[PDB]
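What follows is a short report on a single structure.
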Amino acid sequence: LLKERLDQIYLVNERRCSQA
Amino acid sequence: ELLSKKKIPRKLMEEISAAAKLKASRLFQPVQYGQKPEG
Amino acid sequence: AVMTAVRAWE
Amino acid sequence: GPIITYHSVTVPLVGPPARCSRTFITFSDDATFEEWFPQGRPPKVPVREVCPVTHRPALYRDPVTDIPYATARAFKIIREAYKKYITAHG
Amino acid sequence: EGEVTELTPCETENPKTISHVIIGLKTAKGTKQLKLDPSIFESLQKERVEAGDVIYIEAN
Amino acid sequence: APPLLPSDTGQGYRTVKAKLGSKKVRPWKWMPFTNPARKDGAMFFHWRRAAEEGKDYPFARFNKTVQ
């Protein structure tokens, strides 16, 4: 289930870095 | 811009899932005057 | 006394 | 206890009469005095360090070998030298 | 204005008592010693002046 | 007033310690030199760097007579 955790982490991190 | 550039891609996440006070003279030889230092 | 010492110091 | 006396008096001028004012700060004990007036030696001028690899003005110092350097290539060369020297020494 | 080079108090007998505080200031042109009123000792410690500090002292 | 001579370490030795320690001096030699202005071939001696040994004497360039 670590794959789902990594997916969640990546999605949240990509959302957080996206906006200036 | 730095955060966008340096965001960690998924593959790196998947992959994730001696000090001593020496002296310059001790390691490197001094260079003769008029010569290019080389190391 | 005080005045003489003041002047001596000056 | 320790006391600091601020004293300001008329004193006669030297070459009503000609007068001026003068101030005589006073301290009770030598401990408080040396606390308030520490005789600090002037700080030493720093060594203007130079990079031993390229002989440029030093910008950094390596945490491991404590040797200053000025470029990434200097850092790589210094670390290779350090590993070789630590292998030779022990 | 100048870099502070000395802060020696001038001890005296009262008619430890100090009658002056000597400050040495250095600039690129040269160096000067000032014979300041002892009461300036409060401001020196308030500003935490030490040797090697650039300071300025207004005349008024 | 006296002339001002150049020198390092006037601002203190400690601050110029690293520069002086980074380098080493070139070797000087007490060496014989040929002066081609002389017709006899006598050899006098110089303080010169090792690499400069055997080089033509520079002061010989001055030698030229009135026609």
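Following the order of the structure tokens, first chain is A, next is B, and so on, with residues numbered from 1 inside each chain and ligands from 1 in the order they appear.
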>> Would you pick out the contacts of range 1-8 of chain C at 8 Å or less, using only C-alpha atoms, so that residues sharing its chain but fewer than 3 positions from it are not included, and give the list as a ChimeraX atom specification?
In response: /D:11-12 /E:15
>> Using Å and a single decimal, report how far CA of residue 18 in chain F sits from CA of residue 54 in chain E.
In response: 27.0 Å
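Residues with any atom within 8 Å of residue 25 in chain B, counting only C-alpha atoms and excluding same-chain neighbours fewer than 5 positions away, are residues 30 of chain B; 21 and 22 of chain F.
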>> Quick one: residues within 8 Å of residue 35 in chain E, only C-alpha atoms, excluding same-chain residues fewer than 6 positions away - as a PyMOL selection string?
In response: chain E and resi 20-23
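Within 12 Å of residue 72 in chain D there are residues 51, 53, 54, 59, 60, 61, 62, 68, 69, 75, 76, 77, 78 and 79 of chain D, counting only C-alpha atoms and ignoring same-chain residues fewer than 3 positions away.
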Which chain E residues are at most 12 Å from chain C (counting only C-alpha atoms), as a CSV table (one decimal) with N, CA, C and O atoms, in the first residue's frame?
```
chain,number,residue,atom,x,y,z
E,12,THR,N,41.1,59.1,38.6
E,12,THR,CA,41.5,60.3,39.2
E,12,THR,C,41.2,60.1,40.7
E,12,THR,O,40.5,59.2,41.1
E,13,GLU,N,41.7,61.0,41.5
E,13,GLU,CA,41.2,61.3,42.9
E,13,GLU,C,40.0,62.2,42.8
E,13,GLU,O,40.1,63.2,42.2
E,14,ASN,N,39.0,61.9,43.6
E,14,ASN,CA,37.9,62.8,43.7
E,14,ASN,C,38.3,63.9,44.6
E,14,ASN,O,38.8,63.7,45.7
E,15,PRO,N,38.1,65.2,44.2
E,15,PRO,CA,38.3,66.3,45.1
E,15,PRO,C,37.3,66.4,46.2
E,15,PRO,O,36.2,65.9,46.0
E,19,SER,N,37.3,61.0,35.5
E,19,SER,CA,37.1,62.3,35.1
E,19,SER,C,36.9,62.5,33.6
E,19,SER,O,36.4,63.5,33.1
```
> Which is closest to residue 35 in chain B among F:20, F:25, F:4, F:50, if we use only C-alpha atoms?
Replying inline: F:25
> Please, which residues of chain D lie no more than 12 Å from chain C when the count uses only C-alpha atoms, and can they be set out as a ChimeraX atom specification?
Replying inline: /D:9-15,19-24
> So which one's closest to chain E, D:4, D:70, D:81, D:64? Using only C-alpha atoms, please.
Replying inline: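 So, comparing all the options, the nearest one is D:4.
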Give one line per residue of chain E that approaches chain D to at most 12 Å, naming the two atoms of the closest pair and their distance in Å to one decimal, counting only C-alpha atoms; sort by chain then ascending residue number and deliver it as a tab-separated table.
```
residue	atom	partner	partner_atom	distance
E:3	CA	D:42	CA	10.7
E:4	CA	D:42	CA	8.8
E:5	CA	D:42	CA	6.7
E:6	CA	D:42	CA	7.8
E:7	CA	D:39	CA	7.2
E:8	CA	D:39	CA	6.9
E:9	CA	D:37	CA	7.2
E:10	CA	D:25	CA	10.6
E:11	CA	D:26	CA	9.4
E:12	CA	D:24	CA	8.9
E:13	CA	D:24	CA	9.5
E:14	CA	D:24	CA	7.3
E:15	CA	D:24	CA	9.3
E:16	CA	D:27	CA	5.1
E:17	CA	D:26	CA	4.1
E:18	CA	D:25	CA	5.6
E:19	CA	D:24	CA	5.3
E:20	CA	D:24	CA	8.3
E:21	CA	D:37	CA	9.7
E:22	CA	D:37	CA	11.4
E:24	CA	D:42	CA	11.5
E:36	CA	D:23	CA	10.7
E:37	CA	D:23	CA	7.1
E:38	CA	D:25	CA	6.3
E:39	CA	D:25	CA	7.0
E:40	CA	D:25	CA	10.2
E:41	CA	D:36	CA	8.1
E:42	CA	D:36	CA	8.9
E:43	CA	D:36	CA	11.3
E:44	CA	D:36	CA	9.5
E:45	CA	D:36	CA	7.3
E:46	CA	D:36	CA	10.5
E:48	CA	D:36	CA	10.4
E:49	CA	D:40	CA	10.7
E:50	CA	D:40	CA	7.3
E:51	CA	D:42	CA	5.3
E:52	CA	D:42	CA	6.5
E:53	CA	D:42	CA	10.0
```
Could you list, as a compact mmCIF listing (two decimals) with N, CA, C and O atoms, in the first residue's frame, every residue of chain A that has an atom within 8 Å of an atom of chain B, counting only C-alpha atoms?
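What landed in part.txt:
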```txt
# COMPACT_ATOMS: atom_id res chain seq x y z
N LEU A 6 2.69 6.95 -1.64
CA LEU A 6 3.56 7.75 -2.50
C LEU A 6 2.75 8.58 -3.49
O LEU A 6 3.10 9.73 -3.77
N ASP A 7 1.68 8.00 -4.02
CA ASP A 7 0.83 8.74 -4.95
C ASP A 7 0.19 9.94 -4.27
O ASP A 7 0.15 11.04 -4.82
N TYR A 10 2.87 12.60 -3.66
CA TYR A 10 3.25 13.28 -4.89
C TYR A 10 2.17 14.26 -5.33
O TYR A 10 2.47 15.38 -5.75
N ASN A 13 2.17 17.29 -2.96
CA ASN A 13 3.37 18.10 -3.15
C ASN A 13 3.32 18.86 -4.47
O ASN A 13 3.73 20.03 -4.53
N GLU A 14 2.84 18.22 -5.53
CA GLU A 14 2.74 18.90 -6.82
C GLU A 14 1.74 20.04 -6.75
O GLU A 14 1.95 21.10 -7.36
N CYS A 17 3.52 23.02 -4.72
CA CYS A 17 4.59 23.73 -5.40
C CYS A 17 4.11 24.49 -6.63
O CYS A 17 4.88 25.29 -7.18
N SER A 18 2.88 24.27 -7.07
CA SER A 18 2.46 24.74 -8.39
C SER A 18 2.20 26.24 -8.43
O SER A 18 2.34 26.85 -9.50
N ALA A 20 2.53 30.26 -7.55
CA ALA A 20 3.32 31.45 -7.29
C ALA A 20 2.44 32.57 -6.76
O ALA A 20 1.27 32.68 -7.13
```
>> DSSP on the backbone: which residues in chain D end up as alpha helix (DSSP H)? Give the answer as number ranges by chain.
In response: D: 30-36, 72-89
Prev. selection, N, CA, C and O atoms, output as a tab-separated table (two decimals), in the first residue's frame:
```tsv
chain	number	residue	atom	x	y	z
D	30	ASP	N	35.91	47.46	42.37
D	30	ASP	CA	36.64	47.19	41.14
D	30	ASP	C	35.89	46.21	40.25
D	30	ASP	O	36.05	46.25	39.02
D	31	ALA	N	35.08	45.32	40.83
D	31	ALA	CA	34.34	44.36	40.02
D	31	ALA	C	33.36	45.08	39.10
D	31	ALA	O	33.33	44.84	37.88
D	32	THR	N	32.55	45.98	39.66
D	32	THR	CA	31.59	46.72	38.85
D	32	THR	C	32.30	47.61	37.84
D	32	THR	O	31.84	47.76	36.70
D	33	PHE	N	33.42	48.22	38.23
D	33	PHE	CA	34.16	49.07	37.32
D	33	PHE	C	34.67	48.28	36.12
D	33	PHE	O	34.46	48.67	34.97
D	34	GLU	N	35.35	47.16	36.37
D	34	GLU	CA	35.86	46.36	35.27
D	34	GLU	C	34.73	45.75	34.46
D	34	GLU	O	34.93	45.44	33.28
D	35	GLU	N	33.55	45.56	35.05
D	35	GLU	CA	32.40	45.14	34.27
D	35	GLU	C	31.96	46.24	33.31
D	35	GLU	O	31.68	45.98	32.14
D	36	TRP	N	31.90	47.48	33.81
D	36	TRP	CA	31.42	48.59	32.99
D	36	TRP	C	32.48	49.09	32.01
D	36	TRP	O	32.13	49.63	30.96
D	72	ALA	N	33.65	24.36	-7.18
D	72	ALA	CA	33.22	22.97	-7.05
D	72	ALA	C	34.32	22.01	-7.47
D	72	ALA	O	34.50	20.95	-6.85
D	73	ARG	N	35.05	22.35	-8.53
D	73	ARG	CA	36.17	21.51	-8.95
D	73	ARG	C	37.22	21.43	-7.85
D	73	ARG	O	37.80	20.36	-7.62
D	74	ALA	N	37.47	22.54	-7.17
D	74	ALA	CA	38.38	22.52	-6.03
D	74	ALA	C	37.87	21.60	-4.94
D	74	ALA	O	38.65	20.86	-4.33
D	75	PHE	N	36.56	21.62	-4.68
D	75	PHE	CA	36.00	20.74	-3.67
D	75	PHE	C	36.17	19.27	-4.04
D	75	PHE	O	36.55	18.45	-3.20
D	76	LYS	N	35.92	18.93	-5.31
D	76	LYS	CA	36.08	17.55	-5.74
D	76	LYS	C	37.54	17.11	-5.62
D	76	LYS	O	37.82	16.01	-5.13
D	77	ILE	N	38.47	17.96	-6.06
D	77	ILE	CA	39.89	17.61	-5.98
D	77	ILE	C	40.31	17.45	-4.53
D	77	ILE	O	41.04	16.51	-4.18
D	78	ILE	N	39.85	18.35	-3.66
D	78	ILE	CA	40.22	18.30	-2.25
D	78	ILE	C	39.70	17.02	-1.61
D	78	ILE	O	40.39	16.38	-0.82
D	79	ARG	N	38.46	16.63	-1.93
D	79	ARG	CA	37.91	15.43	-1.32
D	79	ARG	C	38.60	14.17	-1.84
D	79	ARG	O	38.83	13.22	-1.08
D	80	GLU	N	38.95	14.14	-3.13
D	80	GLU	CA	39.73	13.01	-3.64
D	80	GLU	C	41.08	12.92	-2.95
D	80	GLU	O	41.51	11.83	-2.55
D	81	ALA	N	41.75	14.06	-2.77
D	81	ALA	CA	43.02	14.07	-2.06
D	81	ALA	C	42.84	13.61	-0.62
D	81	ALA	O	43.68	12.88	-0.09
D	82	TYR	N	41.77	14.04	0.03
D	82	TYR	CA	41.55	13.67	1.42
D	82	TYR	C	41.32	12.18	1.56
D	82	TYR	O	41.84	11.56	2.49
D	83	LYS	N	40.53	11.59	0.67
D	83	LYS	CA	40.31	10.15	0.75
D	83	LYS	C	41.61	9.39	0.48
D	83	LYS	O	41.91	8.42	1.18
D	84	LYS	N	42.41	9.85	-0.49
D	84	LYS	CA	43.69	9.19	-0.74
D	84	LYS	C	44.61	9.31	0.47
D	84	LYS	O	45.30	8.35	0.84
D	85	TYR	N	44.64	10.48	1.10
D	85	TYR	CA	45.52	10.70	2.24
D	85	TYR	C	45.08	9.90	3.46
D	85	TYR	O	45.91	9.40	4.22
D	86	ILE	N	43.77	9.78	3.67
D	86	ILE	CA	43.28	9.00	4.80
D	86	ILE	C	43.50	7.51	4.54
D	86	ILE	O	43.70	6.74	5.48
D	87	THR	N	43.47	7.08	3.27
D	87	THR	CA	43.83	5.70	2.96
D	87	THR	C	45.31	5.44	3.23
D	87	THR	O	45.67	4.41	3.81
D	88	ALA	N	46.17	6.37	2.81
D	88	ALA	CA	47.61	6.19	3.03
D	88	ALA	C	47.95	6.24	4.52
D	88	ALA	O	48.78	5.45	4.99
D	89	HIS	N	47.33	7.15	5.27
D	89	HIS	CA	47.64	7.29	6.69
D	89	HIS	C	47.07	6.13	7.50
D	89	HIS	O	47.71	5.66	8.44
```
How close does each residue of chain F get to chain D, giving the shortest atom pair and distance in Å to one decimal for every residue with an atom at most 10 Å away, counting only C-alpha atoms, sorted by chain and residue number, as CSV?
```
residue,atom,partner,partner_atom,distance
F:11,CA,D:45,CA,8.7
F:12,CA,D:45,CA,8.0
F:13,CA,D:47,CA,9.0
F:14,CA,D:47,CA,6.0
F:15,CA,D:47,CA,4.1
F:16,CA,D:47,CA,6.4
F:17,CA,D:47,CA,6.5
F:18,CA,D:49,CA,5.4
F:19,CA,D:50,CA,6.5
F:21,CA,D:50,CA,9.6
F:22,CA,D:52,CA,6.7
F:23,CA,D:55,CA,9.2
```
Would you put the residues from that selection into a file with N, CA and C atoms, as a PDB file, in the first residue's frame?
```
ATOM      1  N   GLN F  11      50.327  45.817   6.852  1.00  0.00           N
ATOM      2  CA  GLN F  11      49.068  45.660   7.567  1.00  0.00           C
ATOM      3  C   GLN F  11      49.082  44.477   8.521  1.00  0.00           C
ATOM      4  N   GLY F  12      50.251  43.945   8.831  1.00  0.00           N
ATOM      5  CA  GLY F  12      50.384  42.787   9.689  1.00  0.00           C
ATOM      6  C   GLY F  12      50.684  41.524   8.905  1.00  0.00           C
ATOM      7  N   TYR F  13      51.437  40.621   9.533  1.00  0.00           N
ATOM      8  CA  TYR F  13      51.780  39.356   8.895  1.00  0.00           C
ATOM      9  C   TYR F  13      50.603  38.387   8.889  1.00  0.00           C
ATOM     10  N   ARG F  14      49.804  38.396   9.957  1.00  0.00           N
ATOM     11  CA  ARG F  14      48.742  37.407  10.123  1.00  0.00           C
ATOM     12  C   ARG F  14      47.759  37.445   8.961  1.00  0.00           C
ATOM     13  N   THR F  15      47.352  38.646   8.550  1.00  0.00           N
ATOM     14  CA  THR F  15      46.389  38.781   7.463  1.00  0.00           C
ATOM     15  C   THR F  15      46.946  38.314   6.119  1.00  0.00           C
ATOM     16  N   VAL F  16      48.253  38.422   5.895  1.00  0.00           N
ATOM     17  CA  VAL F  16      48.861  37.960   4.651  1.00  0.00           C
ATOM     18  C   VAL F  16      49.543  36.600   4.823  1.00  0.00           C
ATOM     19  N   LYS F  17      49.197  35.864   5.878  1.00  0.00           N
ATOM     20  CA  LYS F  17      49.826  34.572   6.136  1.00  0.00           C
ATOM     21  C   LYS F  17      49.501  33.554   5.048  1.00  0.00           C
ATOM     22  N   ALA F  18      48.222  33.446   4.679  1.00  0.00           N
ATOM     23  CA  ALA F  18      47.795  32.432   3.718  1.00  0.00           C
ATOM     24  C   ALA F  18      48.391  32.655   2.335  1.00  0.00           C
ATOM     25  N   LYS F  19      48.485  33.907   1.893  1.00  0.00           N
ATOM     26  CA  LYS F  19      49.079  34.178   0.589  1.00  0.00           C
ATOM     27  C   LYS F  19      50.551  33.793   0.560  1.00  0.00           C
ATOM     28  N   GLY F  21      52.067  31.647   2.508  1.00  0.00           N
ATOM     29  CA  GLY F  21      52.187  30.207   2.647  1.00  0.00           C
ATOM     30  C   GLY F  21      51.740  29.424   1.431  1.00  0.00           C
ATOM     31  N   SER F  22      50.931  30.029   0.562  1.00  0.00           N
ATOM     32  CA  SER F  22      50.448  29.305  -0.608  1.00  0.00           C
ATOM     33  C   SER F  22      51.537  29.117  -1.655  1.00  0.00           C
ATOM     34  N   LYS F  23      52.519  30.006  -1.698  1.00  0.00           N
ATOM     35  CA  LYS F  23      53.519  30.020  -2.752  1.00  0.00           C
ATOM     36  C   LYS F  23      54.892  29.662  -2.202  1.00  0.00           C
TER      37      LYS F  23
END
```
>> Which residues are close to residue 20 in chain B, i.e. within 10 Å by only C-alpha atoms, leaving aside same-chain residues fewer than 6 positions away? Reply as a PyMOL selection string.
In response: chain D and resi 63-67
